[PDB]
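Trainee: Mind having a look at this structure? Questions to follow.
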Amino acid sequence: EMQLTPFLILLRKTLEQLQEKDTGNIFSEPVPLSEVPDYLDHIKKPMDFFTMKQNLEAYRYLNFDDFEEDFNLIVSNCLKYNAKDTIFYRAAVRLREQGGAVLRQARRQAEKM
Ligand SMILES: Cn1nccc1C(=O)Nc1ccc(F)cc1F
């Protein structure tokens, strides 16, 4: 029960803040299926920040859970696919921690609407 425009503005800002935490840009675009040919054997639903931006602008995220679910997919897919001793796995841990904090403050802003 709120106005759509300010909510989408908030999600845009939040997505930018999450992208800033991914300093290696490992989650900016889909995992290249040509470069990782076995990726879909293990990962049911790929996700990345560019796809999230497209979903946001297609009005596919109408509540904070919609948005956070796709962020969580970025993280969980990376933890699932990559071995624990890799930069990629640790980058997902870091994003979960740092991006979680961004998400908690942003959800609080949405609740004020
Ligand atoms: C499996 N994975 N999770 C996050 C990033 C990747 C990944 O394999 N990225 C990657 C690896 C080699 C490349 F040439 C390009 C990539 F985007």
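Trainee: Output the 0 to 90 degree angle, nearest 10, between the alpha-carbon long axis of helix 64-81 and the longest principal axis computed from the alpha carbons of the chain.
Mentor: Here the helix axis deviates by roughly 10 degrees.
Trainee: Hey, got the dipole for the chain? About the Cα centre, +1 on K and R Cβ, -1 on D and E Cβ, debye to the nearest 20? List each step's numbers first, then the result.
Mentor: Numbers: 16 positive and 18 negative charges, 75 e Å.
Result for the chain is approximately 360 debye, rounded to the nearest 20.
Trainee: Another question, then. Per residue of segment 4-14, what does 6.51 cos²θ - 1.76 cosθ + 1.60 with θ = phi - 60° give for ³J(HN,Hα)? Whole Hz please, x for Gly and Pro, Karplus curve as stated.
Mentor: After applying 6.51 cos²θ - 1.76 cosθ + 1.60, I find 6, 4, x, 5, 5, 4, 4, 5, 4, 4, 5 Hz.
Trainee: Here's another thing I want to ask about it. Between residue 112 and residue 34, what length comes free when the chain is fully extended (0.36 nm per residue of separation minus the Cα-Cα distance, one decimal in nm)? All intermediate terms of the calculation are to be shown ahead of the outcome.
Mentor: On the way: separation 78, 0.36 × 78 = 28.08 nm, distance 4.37 nm.
Gain in length upon complete extension: 23.7 nm.
Trainee: Report the percentage of all Cα-Cα pairs in the chain whose separation exceeds 19 Å, rounded to a whole percent. Spell out each step's value before the answer.
Mentor: Values: 2793 of 6328 pairs.
Result for the distance tail: 44 percent.
Trainee: Let me ask you something else. Would you mind checking the tilt of helix 87-112 against the longest principal axis of the Cα atoms of the chain, expressed as 0 to 90 degrees and rounded to 10?
Mentor: 10 degrees
Trainee: Spelling out what I want: for every residue of segment 21-32, take phi, set θ = phi - 60°, compute 6.51 cos²θ - 1.76 cosθ + 1.60 (Karplus), and round to whole Hz; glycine and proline get x.
Mentor: Values per residue, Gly and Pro as x: 6, 8, 6, x, 6, 6, 10, 6, 9, x, 4, x Hz.
Trainee: Based on the Cβ-Cβ distance of residue 60 and residue 104, what FRET efficiency does E = 1/(1 + (r/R0)^6) give at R0 = 25 Å, to the nearest 0.05? List each step's numbers first, then the result.
Mentor: Numbers: r = 22 Å, r/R0 = 0.88.
That gives a FRET efficiency of 0.70.
Only the coordinates and a few stated rules stand behind these numbers; no lab work does. Note that we place each Cβ from the backbone using ideal geometry, even for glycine, and neighbour counts take in every protein chain shown.
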